[PDB]
Every structure is written in structure tokens, then in C-alpha cells.
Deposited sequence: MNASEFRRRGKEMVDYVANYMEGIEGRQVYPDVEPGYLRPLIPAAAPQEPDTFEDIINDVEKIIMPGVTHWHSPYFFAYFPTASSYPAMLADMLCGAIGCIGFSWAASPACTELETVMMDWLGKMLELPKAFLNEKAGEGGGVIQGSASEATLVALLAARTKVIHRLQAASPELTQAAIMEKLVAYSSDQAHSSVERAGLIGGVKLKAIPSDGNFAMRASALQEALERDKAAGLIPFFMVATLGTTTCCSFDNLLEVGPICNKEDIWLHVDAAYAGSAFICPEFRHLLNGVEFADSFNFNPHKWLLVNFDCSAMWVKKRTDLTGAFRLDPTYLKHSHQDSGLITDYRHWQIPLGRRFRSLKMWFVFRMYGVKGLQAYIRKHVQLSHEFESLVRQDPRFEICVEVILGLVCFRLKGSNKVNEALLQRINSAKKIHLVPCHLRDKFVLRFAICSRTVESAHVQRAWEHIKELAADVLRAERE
């Protein structure tokens, strides 16, 4: 293609995208295809001569869309939201056009420099302690990671290098491998699987701290684990404290866990992948209190701050602690990959085109809708809410057996009107209702509950026979 043909086809793509978005409520949210559906429907080899754009876009509708789960349908209530906004889409077109690989300052100065400023913009919107901000001064700063899973790995690796160097400074004869045998990392029993994966990749032991009745990590359980493992000869070195657990959006107590991690020389990484976006609202900022004790803090604008994937935001207090693993000129030693694209354009466009107040309104509407769903559940005594509703997630279930709730879930996902996923809280099977779509409204939440309520009656009937 030349640029003149892209002028025509790019504008046709813009219309196609806007059409898909404007009609998305008419899409079945979860697909009917079975695993393996796609390969029989397209050729076994690439074409030798070019295909037409018309044939390709026809295949998008005919072959791709039947296998799409529509994350941005208002009836998608699964997992956590992922971001979809037109400002991020516009920036992503510009990002691909500039097309730089920012593995060094010289590879495109603006790619690195805009990113550092946007991470300070974001840090200030979250009212982060100044130690995390760059502002061309001090030792802290922020970087975009590809994902919170990668951000957790990066923090673990930095923590690993820091403790190896400290332990070898104390015992110069001590090998890296002898230290490796004794290192242990911690997270909540509600932590995301990215923590377990970081421990496996990092080659260290990982232990779950039992959570309290609110599924929060507390000082007492942490102290009990530390006493046990230190007596066994393990060396605590890394902690992931979670704000907004994937299971039930619970919150680890940083005011309790922070001081303990500091005094134990445990690198404290705060994972707020989903919940972090709400901390731009002052009524939720208290859930972040204690981040001043953290060594690193991470959350995903690409979940709940309208910056399309990929965009994970990570700050550290000491750049030097992170690199070994004022002006920031490159990010090579802040991330796993060397190459990176101009992702800060997406943050710039979203922040500027929505404004801080526009993002706050977006968060608050989602939380209000969550409370609307919760209100409906609390009116039906056949159901129970298992965890306090704070952000855009409601954990609910039919009172009674796990089997009846497994049946309810299977009826919901078989009817394919809405989409949600479950979790386990201890031995209890629980349904999750996550407010996801940028365009979801009260009417969608109410119809989803009406649907759930109807299927529950059929399921409860079948259990008495």
C-alpha cells in the first residue's frame, strides 16, 4: 500500500470501527464457536498474490467476529474491564505512524520523555507520595510496563538482585545459588496468578499469607508467617500486597503490612492492577494509604482508566534499585524487553481529551452501577453478598451449595445473553459481577439482574428433584 490508498482504506476502517462500536449492543457477548473453528475457514498457506481489502474486511465479519468475545459490550461483566476509548485509539494510530522503537533516548527522544512526564501526571492524579515522582529530581520515577504481570516480575527481579547484593556484602563467600535456596516471597492467598508466575520465573519460593474474614492481608497473619519461615532459615525478600484482588476486590492493609516489610527489609510491591484507577477519586484514595511504605507501586490504566492495552503504570522510589536487576533518558533497565513503542501518546491523549474530571466521572459512574447491582441482590433473600462492595465488582451467590451456583453459572453462560465468571472464596463457589463496558448503563445492569434472577428460579427448582 502507498499513502494515498491508506487515506481511502484508513477512513473506511474508521467507519468500520465506529459501526462496530455503535452496533455492539446487538452482538452476542460470548461466542458460539467451538475450539478449533477458525483453521478450516481460511487457506492453509499465505496467498502468493495480494487479496483485496474488500475480501479481508468481509472475512473479519464472516470468520473473525463469530469467534470474538465482545469485551466492550455493555453485557460483558466478566473478569475486570479492559480499556477502550477513542482518544487512546487515535493516539495508537499516531504511535504506529511515528513507528519508533524507544530502546534508547536517541532512538526517539520524545518517546521516552513524554512517558516520564505522563507518569508524573498520573502519579499526581493518584496523589502518590513525591518519592515516586520523577519531576527531573530525586531518585524515584515511573515507567510504562506492558502488563501488571510483567511489572510484578520486574519488581521481584529488582528485589532479588538487591537482597543478593546485601547478603553477599554481609557474607562475601556466599554464592548467589546458596542465597537462592533460602529466598522466599509473599503474597495474599487472593493474589493474582502473576505473582506465582513471577516466583517461578525468578526461581524463588513463594508463600501465600492467609487472608482475614474480609480477604485482606493483615499484620497478624504476616507476622505469623515470618516467624515460621525465618525460624526455618528462609530469607523473606519480596512481598506483593494487593489493592483490589482479582477474586473479590478486597484490599490488603498497607498501614499494617508496610511497616513490617520496611523493618524486615522486604521489598514491598503494591499491585493495584484494577483498583488503582479509582484512587484518582478522593473518596477512594484512602484505600491507597500506606503506599508511602512501598518500594514499588503498579496499576493498569489498560483496565479501568481508558488507556487501551497495553499500558501498565509502575513507579519506584529508587531508580537505582530498579535498574540493577534526575533526568530519565532510557528505560532499558526498567522492563523485561529492550524494545518499546510510543505508548505514552495514549496516556497523553486520554488524559487531555477526558480531563481529570472526565476520568473521575467515568470511575464514579461505574462504581454507582456496581452499587445498583448490589442493591438488587440485597433485595433477594435467596442470594448473599460474600464481600463488601467498594468498586466495580460484586461477589454474590445463591445461598446453599456450590453445586446450585455452578448450575446457575452454566445456565447464564449457556443462554449467552450476558457474560460473567466465577471464583472461589475458601471452599465457596462465588459468582462475580464486574462493571466493564465504557458504555454500560443502569438499564443494562438491571436487565442482567433480571436475567440472573430468572435463571436462579429454574436452577433452584431443579435442585429439589
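Gaps between the deposited sequence and the modelled coordinates occur only at 326-340.
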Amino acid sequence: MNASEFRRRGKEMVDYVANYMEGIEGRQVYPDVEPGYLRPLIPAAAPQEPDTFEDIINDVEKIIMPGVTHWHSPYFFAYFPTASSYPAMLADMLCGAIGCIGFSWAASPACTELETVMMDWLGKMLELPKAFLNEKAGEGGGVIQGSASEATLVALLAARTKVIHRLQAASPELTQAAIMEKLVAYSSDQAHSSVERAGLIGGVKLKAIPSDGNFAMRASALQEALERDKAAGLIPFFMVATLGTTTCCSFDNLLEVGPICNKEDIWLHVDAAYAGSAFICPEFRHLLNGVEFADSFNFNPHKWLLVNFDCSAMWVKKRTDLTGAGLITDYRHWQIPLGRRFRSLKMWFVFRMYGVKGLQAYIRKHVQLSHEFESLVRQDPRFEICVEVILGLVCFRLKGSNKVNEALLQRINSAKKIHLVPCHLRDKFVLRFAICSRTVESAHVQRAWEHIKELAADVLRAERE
From here on, numbers count along this sequence of modelled residues.
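In this text, rigid core is short for the largest set of C-alphas that superpose within 1.5 Å between two forms.
With every structure aligned by its rigid core, 58-66 is the stretch of 58-66 and 399-407 whose CA positions lie farther away in 4 other deposited structures of this protein. In a rigid core superposition of the other structures in 4 other deposited structures of this protein, 138-146 and 184-192 differ in how far their CA atoms stray, and the farther one is 138-146.
In the other compared entries of this protein that model both flanking residues, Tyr86 has coordinates in every one, well short of a third left out. Looking at the other PDB entries for this protein, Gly339 is absent from the model in a third or more of those that include the residues around it. According to the PDB record, 409-417 carries the higher mean C-alpha B-factor of the two stretches 409-417 and 34-42. Of the two segments examined, 369-377 and 168-176, it is 168-176 that shows the higher average Cα temperature factor in the deposited entry. The residue among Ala88, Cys249, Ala137, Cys311 whose C-alpha atom has the highest B-factor in the PDB entry is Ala137. Ranked within its chain, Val29 lands in the middle third, by CA B factor from the PDB record. When the modelled residues of the chain are ordered by C-alpha B-factor, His192 sits in the lowest third.
Among the modelled residues of the chain, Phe383 sits in the highest third by CA temperature factor in this PDB entry.
Ranked by Cα temperature factor within the chain, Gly123 sits in the middle third according to the deposited record. Split the chain's modelled residues into thirds by C-alpha temperature factor. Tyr331 is in the highest one.
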